[PDB]
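Below: the structure, in structure tokens.
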Amino acid sequence: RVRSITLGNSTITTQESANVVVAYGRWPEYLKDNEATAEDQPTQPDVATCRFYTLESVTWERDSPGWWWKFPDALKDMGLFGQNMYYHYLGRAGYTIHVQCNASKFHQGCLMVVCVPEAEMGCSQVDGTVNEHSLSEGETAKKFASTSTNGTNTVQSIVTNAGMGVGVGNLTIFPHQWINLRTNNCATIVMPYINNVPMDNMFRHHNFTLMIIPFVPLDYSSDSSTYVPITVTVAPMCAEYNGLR
Amino acid sequence: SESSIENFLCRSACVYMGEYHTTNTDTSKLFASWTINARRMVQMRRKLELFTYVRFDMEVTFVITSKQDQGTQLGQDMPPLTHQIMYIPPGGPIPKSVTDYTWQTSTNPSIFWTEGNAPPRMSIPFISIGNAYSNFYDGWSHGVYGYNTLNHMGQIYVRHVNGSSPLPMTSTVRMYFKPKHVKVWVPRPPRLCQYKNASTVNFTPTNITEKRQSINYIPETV
Amino acid sequence: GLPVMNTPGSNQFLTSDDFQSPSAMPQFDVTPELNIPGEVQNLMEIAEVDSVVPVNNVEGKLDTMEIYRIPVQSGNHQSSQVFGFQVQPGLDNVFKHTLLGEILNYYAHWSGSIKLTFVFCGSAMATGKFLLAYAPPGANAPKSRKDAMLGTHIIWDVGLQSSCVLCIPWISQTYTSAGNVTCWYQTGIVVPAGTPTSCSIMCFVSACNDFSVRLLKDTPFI
Amino acid sequence: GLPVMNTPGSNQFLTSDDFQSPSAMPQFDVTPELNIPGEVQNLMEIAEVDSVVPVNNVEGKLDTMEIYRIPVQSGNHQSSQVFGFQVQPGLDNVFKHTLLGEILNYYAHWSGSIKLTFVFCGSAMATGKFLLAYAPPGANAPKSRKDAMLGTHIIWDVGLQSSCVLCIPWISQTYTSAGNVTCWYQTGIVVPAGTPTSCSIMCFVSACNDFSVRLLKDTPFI
Amino acid sequence: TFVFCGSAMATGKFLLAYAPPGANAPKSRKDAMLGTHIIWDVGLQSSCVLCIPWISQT
């Protein structure tokens, strides 16, 4: 009851009892042919964009508020998919995201894993503006805080308002999955391309945001490990660019 | 049936009220202007933020009232007043005086109306080179965070249509706005914090809800 | 030609009228629609989604993640209450700011059935029993574990199931005249050596398919 | 007779309305139409015509025929640039006053494909090679002959062909975010004894059949 | 094949990564994620399998 999956020259292993969320019922696909027939011809890499990219693990401790990543540009240094971001003026893609934990039966805790489109964030100063570095750091995660933040140009990252001004118990409206250390330790989310235009430039726009948020904190006792590792793996799907010839 | 999208959003509201004179010594008080967006009406803003992408037509009605200034001169006998209401599409010339050439450009649609009649009304289609409007944008304008140029919807300008050396008068216009044939995509959670300004999502941290006495407390039954 | 007669109501502006209007941009072909994933036809598609309830809304923790966690304590307390609340979406503080509560607060009359889910977030070594009890509207909340057993209840063994589900059938709106739900320790929690002592429960609320709303009004939150 | 009811909008003058009007000269039969050559149904028939581009719009020659001539110099300069520009009809000075540019400036949104033709006006004894290179929007302009060769380009031998043609596919409007075109000396120009030393190139621009325009507005030139 | 020999109560995650011939070995967890990899949860599976396709010698 273990499946082994190979994309390109990558191989990972999952359990065949996985559960998969397809975001709004829609699988990813190519914009078919004839939105812009004449002088808008696209191309597709399909070479080493369809392959598993694995980020660094994060460390879940007793007081961890949460983590977030921006897509794309979490992959702007990831081999070929990142090269294509510099060579081409427009693009699009869907994604498959796997999130996994490594824990024992003597640990306990609960995580929400959610993919949020257009996650526009607020500044720590009400009459201020957010910086580009405070929104993302690429393949390194940003951190939520457990109290309200200060300083100039920083996202106001108190975890109960999720940086967007809503109640964090209501983020289940988005494509999401629960990880309860008692019953499962994995989550797969398949995201299609969602925009109000068919293609776009991939450097000054963040299509979506992946967030991981503990709702019940990690607990252990006498001589268990004091942390739990979380691992994120991403495979781009049906990527497509403007033709160069 | 009352929770359909059309019955929830397609409702009229006053979104701008402005004043303008026939004679003045400021020359910006001689006309009134408004930029069309749905972010300075706090009740419509919140209902619109439940979705990420929207598509609609606009309908605008104008209620216009005049007054003679309390300055001094009485015994007048005046004909009814005429007004001009000009819509500028995105990518159009903007007037800066009431005597400007742009009040006569053939591609700015315009309405001429005289008091005493029914209130004037124009209908604007979905105007965007994109496929939908967006209530949320996680990007840069090219650089302002959260602002994309596909959301431009145009402007409205109002003036008096007198001749030379007119008599002093003060008018007020109220604009009533209504979206029609509406379609929405990607639902979102409702805004929990108060709005702080009209262009950002900035906020001060807010409590999740209000307290009670204890986790067991249920009020005595009647 | 064509003799004609004007009726009362002519030349009035009614804010909710429905008439054809002249277009100000007739020679403009609009951008065709895109097939964006995630389209919505009705607000009841938002209320049928689960959201986390802040059941622990007591003093000192209205601004932390702790507001969402029901505490299960360690040791032997096998007849004490764990929690209890009245089921009043829209009005009561614990249900007021959820996805279902936020919708219901746009309408002056609503009715349907409600779904509550409970989930145990402890270690896989812990075992024990809870008693979940429901009192109808017009009944007092039970004071002991025994009289809660004498009504409608379910006995929930967390060593066997990690989650329980309840469906409540007679919900309307306006010292409440509403039903209530309570939870009791049947046995107490038992663990082996080397596992955490305390733990937590979480509540999710949603609406069932037969939910209806009437008389759109203004919300009291902005 | 015939009970009737006046709606809002009655007795208003809407500048863009469309109603039947009474004729002031009903008893007058009009002159029948003549079949004049050269009738027009659509403005895109004017934009599909080539017109000469003033590529040499530098100081000291904005009022001479020299503004239209790209200079080709004599001797050996076989890696230097000949010319380069961004492709931005409507906004950029070199394309702004052509037949295509003048039309596009009546509309606030437009899009399509563009056609550029280059013609060599030297003596029939001259030979040599040019490299014509295209960079897409969002790419920097090439700095050398070699990196222009590493992109999309054509090598144009003027001893074989007197003219070259290019079709550019992704044109829209609003430190530009537009594509560009550049020309490089591959070899240098070679002549026999008794022929002029210097020479010229000319550019023609036009639109291809798939061109569209929206939101008529006022032009910024008179 | 890799097999985890710990107690049945232990949980956690590993990242297993493969670089082809002619490529350098990854230096961090993030660039190993950006190549071919599998994420292995030992609370779910006790063993993982890999098949490597281009093997020759000097």
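Letters A, B, ... go to the chains of the structure tokens in the order shown; residues in each chain start at 1; ligands are counted from 1 in the same order.
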Inset, instruction - Would you mind listing what lies within 12 Å of residue 57 (chain D) as a list in words, with only C-alpha atoms counted and same-chain residues fewer than 4 positions away left out? - result: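 In the requested format, the answer is residues 53, 61, 62, 63, 64, 65, 66, 67, 68, 69, 70, 83, 85, 92, 93, 94, 95, 96 and 97 of chain D.
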Could you build a table of the residues in chain A lying no more than 9 Å from chain C, giving for each the nearest pair of atoms and their separation in Å rounded to one decimal place, using only C-alpha atoms, ordered by chain and ascending residue number, as CSV?
```
residue,atom,partner,partner_atom,distance
A:23,CA,C:38,CA,8.6
A:24,CA,C:38,CA,5.5
A:25,CA,C:37,CA,8.0
A:26,CA,C:37,CA,6.7
A:105,CA,C:124,CA,5.5
A:106,CA,C:195,CA,5.3
A:107,CA,C:123,CA,5.9
A:108,CA,C:123,CA,4.8
A:109,CA,C:121,CA,6.4
A:110,CA,C:121,CA,6.7
A:146,CA,C:64,CA,7.3
A:147,CA,C:64,CA,8.2
A:159,CA,C:65,CA,7.9
A:160,CA,C:64,CA,6.4
A:167,CA,C:97,CA,8.1
A:168,CA,C:52,CA,8.6
A:169,CA,C:52,CA,4.9
A:170,CA,C:51,CA,5.4
A:171,CA,C:51,CA,7.7
A:172,CA,C:51,CA,6.0
A:173,CA,C:49,CA,6.7
A:180,CA,C:121,CA,6.7
A:181,CA,C:123,CA,7.3
A:182,CA,C:124,CA,5.0
A:183,CA,C:124,CA,7.8
A:192,CA,C:37,CA,8.2
A:193,CA,C:37,CA,8.6
A:194,CA,C:36,CA,6.6
A:195,CA,C:36,CA,7.2
A:196,CA,C:36,CA,7.3
A:197,CA,C:34,CA,7.9
A:198,CA,C:34,CA,8.1
A:214,CA,C:65,CA,8.8
A:215,CA,C:65,CA,6.6
A:216,CA,C:69,CA,7.2
A:219,CA,C:196,CA,6.3
A:220,CA,C:196,CA,5.3
A:221,CA,C:196,CA,5.3
A:222,CA,C:194,CA,5.8
A:223,CA,C:194,CA,7.7
A:224,CA,C:194,CA,8.0
```
Inset, instruction - Could you tell me which of A:68, A:89, A:104, A:232 comes closest to residue 14 (chain E) if we count only C-alpha atoms? - result: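 Counting only C-alpha atoms, the residue closest to residue 14 (chain E) is A:232.
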Legend entry - Residue neighbourhood residue 32 (chain B), 8 Å, only C-alpha atoms, exclusion window fewer than 3 positions, as a list in words: residues 18, 19, 20, 29, 157, 158 and 159 of chain B
Legend entry - Nearby residues (only C-alpha atoms) at most 8 Å from residue 205 (chain B), same-chain spacing under 6 positions excluded, as a list in words: residues 148, 158, 161 and 165 of chain A; 193 of chain B
Give me the residues of chain D that have any atom at most 6 Å from an atom of chain C; for each, the nearest atom pair and the distance in Å, rounded to one decimal. Use only C-alpha atoms, sort by chain and number, and format it as a tab-separated table.
```
residue	atom	partner	partner_atom	distance
D:3	CA	C:5	CA	5.8
D:4	CA	C:6	CA	4.8
D:5	CA	C:7	CA	3.7
D:6	CA	C:10	CA	3.3
D:7	CA	C:10	CA	4.7
D:8	CA	C:11	CA	4.2
D:10	CA	C:11	CA	5.2
D:214	CA	C:28	CA	5.5
```
Same residues, N, CA and C atoms, saved as a short mmCIF file (atom, residue, chain, number, x, y, z; two decimals), in the first residue's frame:
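Printed below is selection-v3.cif as written:
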```cif
data_model
loop_
_atom_site.label_atom_id
_atom_site.label_comp_id
_atom_site.auth_asym_id
_atom_site.auth_seq_id
_atom_site.Cartn_x
_atom_site.Cartn_y
_atom_site.Cartn_z
N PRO D 3 -55.68 54.03 -21.27
CA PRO D 3 -54.93 54.39 -20.05
C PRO D 3 -53.43 54.22 -20.20
N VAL D 4 -52.68 55.21 -19.73
CA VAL D 4 -51.26 55.31 -20.03
C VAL D 4 -50.55 55.85 -18.79
N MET D 5 -49.28 55.50 -18.63
CA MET D 5 -48.52 55.84 -17.43
C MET D 5 -47.09 56.26 -17.77
N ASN D 6 -46.73 57.49 -17.44
CA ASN D 6 -45.39 58.02 -17.74
C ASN D 6 -44.33 57.48 -16.78
N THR D 7 -43.23 56.99 -17.33
CA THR D 7 -42.11 56.45 -16.57
C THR D 7 -41.04 57.51 -16.35
N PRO D 8 -40.15 57.30 -15.39
CA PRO D 8 -38.97 58.17 -15.29
C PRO D 8 -38.13 58.15 -16.56
N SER D 10 -38.99 60.59 -18.82
CA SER D 10 -39.86 61.32 -19.73
C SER D 10 -39.50 62.79 -19.82
N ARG D 214 -11.71 50.15 -29.78
CA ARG D 214 -12.83 50.30 -28.85
C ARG D 214 -12.75 51.62 -28.10
#
```
Legend entry - Atomic separation - CA of residue 116 (chain A) relative to CA of residue 139 (chain B), Å: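 Separation between CA of residue 139 (chain B) and CA of residue 116 (chain A): 14.3 Å.
Nearest residue to residue 1 (chain E) among A:112, A:188, A:52, A:13 is A:13, counting only C-alpha atoms.
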